[PDB]
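Enquirer: Sending over a structure as structure tokens; questions will come in a sec.
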Amino acid sequence: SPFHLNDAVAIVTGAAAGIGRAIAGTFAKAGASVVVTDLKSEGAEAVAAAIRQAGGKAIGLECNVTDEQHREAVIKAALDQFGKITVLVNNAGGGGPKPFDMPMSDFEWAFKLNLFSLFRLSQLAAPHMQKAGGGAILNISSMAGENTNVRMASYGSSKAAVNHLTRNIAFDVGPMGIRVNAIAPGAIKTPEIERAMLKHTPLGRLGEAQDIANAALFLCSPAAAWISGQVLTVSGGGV
Amino acid sequence: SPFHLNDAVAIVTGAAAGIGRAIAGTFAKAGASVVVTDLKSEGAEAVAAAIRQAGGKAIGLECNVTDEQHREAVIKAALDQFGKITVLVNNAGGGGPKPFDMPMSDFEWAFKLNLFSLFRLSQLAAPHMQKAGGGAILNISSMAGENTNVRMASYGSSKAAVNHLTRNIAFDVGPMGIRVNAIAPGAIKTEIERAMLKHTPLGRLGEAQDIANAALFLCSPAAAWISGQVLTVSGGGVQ
């Protein structure tokens with residue numbers, strides 16, 4: 001089963017709760033040494049210590065992905081602790097419904113958070129994946145980069161930019177042996193309104209962060225060795 | 001024929017040469033009062049004077065679309081000269097192939113130029129279009145918003161961001177009577193040309209007047225129920 005990605009070093013951003021925590025835990029179970037980072041040092045350290053207790057190799061750091069101080073800190077810490085970089089999970093990001101008439105201070109924030117940070121991180125990690133023989137980048141997007149809705153002037157543009165950045169820098173770092181892929185999660189269970197939102201989800205249930213973790217583990221694994229420039233939507237079949 | 005632009009005021013950015021200049025001329029021939037703008041004052045003034053000589057209403061302005069001073073200046077100049085704003089053609093933009101290991105500054109300038117500028121322009125122009133009973137915004141994108149290629153880390157991401165911004169802010173400014181559409185131009189006229197046409201099934205390159213007429217359709221009452229759409233004017237292929 002090339003589904004082990006055992007011999008590797010995976011930097012997971014925003015990985016103290018939810019999708020990032022699940023990705024870190026599942027990657028560690030698969031044999032990868034995990035640099036858990038978060039905006040909060042305490043949560044990342046907690047998750048990393050839990051992984052070490054389970055029997056895995058992990059460290060926990062504070063990283064504001066928008067702060068190049070913190071980005072070089074994470075890259076250097078991964079290199080010091082484990083010697084190489086082979087997987088980069090850009091799960092760090094946020095933003096939400098901001099009205100059309102918003103400050104531009106809110107539009108540039110959406111792109112510095114959801115796009116600029118992860119591009120700079122991929123720039124930082126790509127050379128180390130090169131003497132390492134190749135690596136896997138995974139940007140965690142959203143279903144707003146494909147769908148069209150109100151109040152999504154900032155979030156949606158940023159997520160579609162993440163998607164096409166994936167599709168394009170698949171071509172630049174391919175020669176380096178690096179695969180760029182993205183995951184678009186939707187309605188993840190971190191109630192008539194809940195069943196009303198399930199009425200458009202054909203599988204009749206909400207998704208667990210293990211679903212995204214599983215999809216990521218596939219995309220970051222040797223089983224996805226000839227898969228790049230792909231956005232995979234994990235949505236149960238709907239929006 | 002509802003393909004005329006009578007009682008219309010059209011702001012056209014980057015319109016001293018090429019697609020923008022042809023759009024300004026075609027829109028003026030359609031009966032629209034044209035605020036031609038450019039980064040260089042001389043070209044915009046020349047194009048506006050030529051339009052006035054041809055029998056249309058036009059003014060020429062210097063505008064760096066990345067400069068909010070210039071943006072408010074264009075909005076106020078349009079409202080002074082012609083009393084309203086009904087059409088906003090964001091043709092101004094640029095960038096191109098940059099390396100993956102490109103400097104971070106380079107990567108923000110293509111968003112600030114190719115996205116942030118036109119979003120702030122649409123923000124400034126939306127209240128006046130609402131007041132004028134509705135209008136049309138047209139973002140001049142590029143075929144890199146859809147295609148995947150090398151060196152397109154910044155240009156492609158910004159252009160796909162423009163595409164999805166079009167698609168989504170069609171939903172916010174819809175209630176205002178405003179239609180947002182986008183044009184993706186192919187190779188334009190201004191043995192690798194033979195590769196170009198190996199691809200382009202119509203066996204010729206496109207004239208700036210093709211983009212001009214596509215824009216004229218999308219900014220006219222003929223397209224009154226068309227919004228959130230990206231029209232690719234490529235002759236039927238990719239160049």
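Residues are referred to by chain and number: the chain letter is A, B, ... according to the order shown in the structure tokens, the number counts from 1 in that chain, and ligands are numbered separately from 1 in the order shown.
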Taking only C-alpha atoms into account, find every residue of chain B that has an atom no more than 8 Å from chain A, and write it out as a PyMOL selection string.
Expert: chain B and resi 99-101+104+108+116+120+123+145-146+148-154+156-158+160-162+164-165+167-169+171-173
Enquirer: For residue 133 in chain B, find every residue with an atom within 9 Å (counting only C-alpha atoms), except residues of its own chain fewer than 5 positions away, and show them as a list in words.
Expert: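 Listed by chain and then number, they are residues 86, 128, 176, 177 and 178 of chain B.
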Enquirer: I need the residues of range 7-232 of chain B that end up classed as strand (DSSP E or B) by DSSP on the backbone, written out as a short mmCIF file (atom, residue, chain, number, x, y, z; two decimals) with C-alpha atoms, in the first residue's frame.
Expert:
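The resulting selection_32.cif:
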```cif
data_model
loop_
_atom_site.label_atom_id
_atom_site.label_comp_id
_atom_site.auth_asym_id
_atom_site.auth_seq_id
_atom_site.Cartn_x
_atom_site.Cartn_y
_atom_site.Cartn_z
CA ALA B 8 -24.36 55.83 -21.01
CA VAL B 9 -21.17 56.90 -19.26
CA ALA B 10 -18.33 54.39 -19.57
CA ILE B 11 -15.09 54.59 -17.60
CA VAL B 12 -12.38 52.65 -19.46
CA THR B 13 -9.03 52.04 -17.75
CA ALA B 32 -21.54 56.36 -24.73
CA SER B 33 -19.63 59.21 -23.09
CA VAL B 34 -16.19 57.76 -22.41
CA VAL B 35 -13.79 58.59 -19.59
CA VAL B 36 -10.59 57.19 -21.07
CA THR B 37 -7.91 56.70 -18.42
CA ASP B 38 -4.33 55.46 -18.49
CA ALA B 58 -14.90 61.73 -24.12
CA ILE B 59 -12.30 62.92 -21.64
CA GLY B 60 -8.77 61.69 -21.01
CA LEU B 61 -7.18 61.13 -17.60
CA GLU B 62 -4.06 59.78 -15.95
CA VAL B 87 -20.32 51.28 -17.30
CA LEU B 88 -16.95 50.34 -15.77
CA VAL B 89 -14.49 48.49 -18.01
CA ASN B 90 -11.48 47.41 -15.94
CA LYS B 98 7.48 35.18 -13.13
CA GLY B 135 -25.14 49.54 -15.21
CA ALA B 136 -22.47 47.09 -16.30
CA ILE B 137 -18.98 46.20 -15.07
CA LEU B 138 -16.60 44.33 -17.39
CA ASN B 139 -13.31 42.94 -16.09
CA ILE B 140 -10.77 42.23 -18.84
CA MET B 152 2.11 31.60 -14.21
CA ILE B 178 -25.52 46.01 -12.07
CA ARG B 179 -24.19 43.22 -14.29
CA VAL B 180 -20.63 41.96 -13.83
CA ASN B 181 -19.03 40.05 -16.71
CA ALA B 182 -15.47 39.28 -17.80
CA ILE B 183 -13.66 38.87 -21.13
CA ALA B 184 -10.73 36.49 -21.52
CA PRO B 185 -8.86 37.55 -24.69
CA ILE B 188 -4.47 39.59 -30.20
CA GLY B 206 -7.91 38.22 -33.21
CA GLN B 229 -20.08 35.15 -16.88
CA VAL B 230 -16.58 34.84 -18.35
CA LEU B 231 -16.63 35.00 -22.15
CA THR B 232 -13.49 33.61 -23.80
#
```
Enquirer: Using only C-alpha atoms, which residue out of A:228, A:190, A:141, A:114 lies closest to residue 95 in chain A?
Expert: A:114
Enquirer: Using only C-alpha atoms, which protein or nucleic acid residues come within 8 Å of residue 220 in chain A? Drop anything in the same chain fewer than 5 positions from it, and give the result as a ChimeraX atom specification.
Expert: /A:5,87,136-138
Enquirer: Please write the residues from the selection above to a file, keeping N, CA and C atoms, as a PDB file, in the first residue's frame.
Expert:
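For reference, part.pdb as written:
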```
ATOM      1  N   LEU A   5       3.368   6.812   3.273  1.00  0.00           N
ATOM      2  CA  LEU A   5       4.200   8.018   3.332  1.00  0.00           C
ATOM      3  C   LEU A   5       5.069   7.955   4.568  1.00  0.00           C
ATOM      4  N   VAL A  87       6.653  17.059   3.048  1.00  0.00           N
ATOM      5  CA  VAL A  87       5.216  17.290   2.927  1.00  0.00           C
ATOM      6  C   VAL A  87       4.883  18.634   3.563  1.00  0.00           C
ATOM      7  N   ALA A 136       5.333  16.701  -1.388  1.00  0.00           N
ATOM      8  CA  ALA A 136       3.900  16.831  -1.625  1.00  0.00           C
ATOM      9  C   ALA A 136       3.384  18.079  -0.924  1.00  0.00           C
ATOM     10  N   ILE A 137       2.813  18.999  -1.696  1.00  0.00           N
ATOM     11  CA  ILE A 137       2.133  20.171  -1.156  1.00  0.00           C
ATOM     12  C   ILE A 137       0.634  19.919  -1.207  1.00  0.00           C
ATOM     13  N   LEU A 138      -0.060  20.275  -0.129  1.00  0.00           N
ATOM     14  CA  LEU A 138      -1.511  20.138  -0.049  1.00  0.00           C
ATOM     15  C   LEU A 138      -2.083  21.406   0.565  1.00  0.00           C
TER      16      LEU A 138
END
```
Enquirer: DSSP on the backbone: what in range 55-139 of chain A comes out alpha helix (DSSP H), as a VMD selection string?
Expert: chain A and resid 68 to 82 107 to 111 117 to 125 128 to 131
Enquirer: Show which residues sit within 8 Å of range 221-224 of chain A, as a ChimeraX atom specification. Count only C-alpha atoms, and ignore same-chain residues fewer than 3 positions away.
Expert: /A:1-5,136,217-218,227
Enquirer: Got time to write the residues from that selection, C-alpha atoms, as an mmCIF file, in the first residue's frame?
Expert:
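The new file result.cif reads:
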```cif
data_model
loop_
_atom_site.group_PDB
_atom_site.id
_atom_site.type_symbol
_atom_site.label_atom_id
_atom_site.label_comp_id
_atom_site.auth_asym_id
_atom_site.auth_seq_id
_atom_site.Cartn_x
_atom_site.Cartn_y
_atom_site.Cartn_z
ATOM 1 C CA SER A 1 0.000 0.000 0.000
ATOM 2 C CA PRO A 2 1.803 3.010 -1.039
ATOM 3 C CA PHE A 3 -0.499 4.601 1.484
ATOM 4 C CA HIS A 4 2.066 5.004 4.213
ATOM 5 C CA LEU A 5 4.200 8.018 3.332
ATOM 6 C CA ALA A 136 3.900 16.831 -1.625
ATOM 7 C CA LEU A 217 -3.222 11.181 3.465
ATOM 8 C CA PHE A 218 -4.023 9.784 0.018
ATOM 9 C CA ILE A 227 -1.359 13.132 -9.221
#
```
Enquirer: Would you mind listing what lies within 6 Å of residue 199 in chain B as a ChimeraX atom specification, with only C-alpha atoms counted and same-chain residues fewer than 2 positions away left out?
Expert: /B:196-197,237
Enquirer: Name the closest residue to residue 28 in chain B among the candidates B:78, B:198, B:216, B:134; distances are taken between atoms, counting only C-alpha atoms.
Expert: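 Among B:78, B:198, B:216, B:134, it is B:216 that comes nearest to residue 28 in chain B.
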Enquirer: With only C-alpha atoms as the counted atoms, please give the residues lying no more than 8 Å from residue 213 in chain B, apart from itself and same-chain residues fewer than 3 positions off, as a PyMOL selection string.
Expert: chain B and resi 23+26+209-210+216-217
Enquirer: Those same residues - N, CA and C atoms - I'd like them written as a PDB file, in the first residue's frame.
Expert:
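What follows is the written file result-v9.pdb:
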```pdb
ATOM      1  N   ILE B  23     -11.876  49.458 -27.209  1.00  0.00           N
ATOM      2  CA  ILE B  23     -13.109  49.466 -26.428  1.00  0.00           C
ATOM      3  C   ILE B  23     -13.635  50.884 -26.285  1.00  0.00           C
ATOM      4  N   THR B  26     -15.098  51.979 -29.736  1.00  0.00           N
ATOM      5  CA  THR B  26     -16.340  51.284 -30.056  1.00  0.00           C
ATOM      6  C   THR B  26     -17.475  51.728 -29.144  1.00  0.00           C
ATOM      7  N   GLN B 209     -10.702  44.812 -32.179  1.00  0.00           N
ATOM      8  CA  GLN B 209     -12.118  45.090 -32.382  1.00  0.00           C
ATOM      9  C   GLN B 209     -12.997  43.898 -32.024  1.00  0.00           C
ATOM     10  N   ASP B 210     -12.460  42.677 -32.062  1.00  0.00           N
ATOM     11  CA  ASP B 210     -13.230  41.520 -31.604  1.00  0.00           C
ATOM     12  C   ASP B 210     -13.535  41.621 -30.113  1.00  0.00           C
ATOM     13  N   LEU B 216     -18.765  45.390 -26.009  1.00  0.00           N
ATOM     14  CA  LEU B 216     -19.943  46.184 -26.340  1.00  0.00           C
ATOM     15  C   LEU B 216     -21.219  45.385 -26.133  1.00  0.00           C
ATOM     16  N   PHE B 217     -21.211  44.109 -26.524  1.00  0.00           N
ATOM     17  CA  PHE B 217     -22.355  43.250 -26.246  1.00  0.00           C
ATOM     18  C   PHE B 217     -22.579  43.113 -24.745  1.00  0.00           C
TER      19      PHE B 217
END
```
Enquirer: Could you work out how far CA of residue 30 in chain A lies from CA of residue 209 in chain A, giving the answer in Å with one decimal?
Expert: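 Going from CA of residue 209 in chain A over to CA of residue 30 in chain A covers 16.3 Å.
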Enquirer: Using CA of residue 40 in chain A and CA of residue 128 in chain A as the two end points, give the distance in Å to one decimal.
Expert: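 Between these atoms lies a distance of 25.7 Å.
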Enquirer: Please list as JSON, numbers by chain every residue within 12 Å of residue 80 in chain A, counting only C-alpha atoms and excluding residues in the same chain fewer than 5 positions away.
Expert: {"A": [9, 35, 59, 72, 73, 74, 75, 85]}
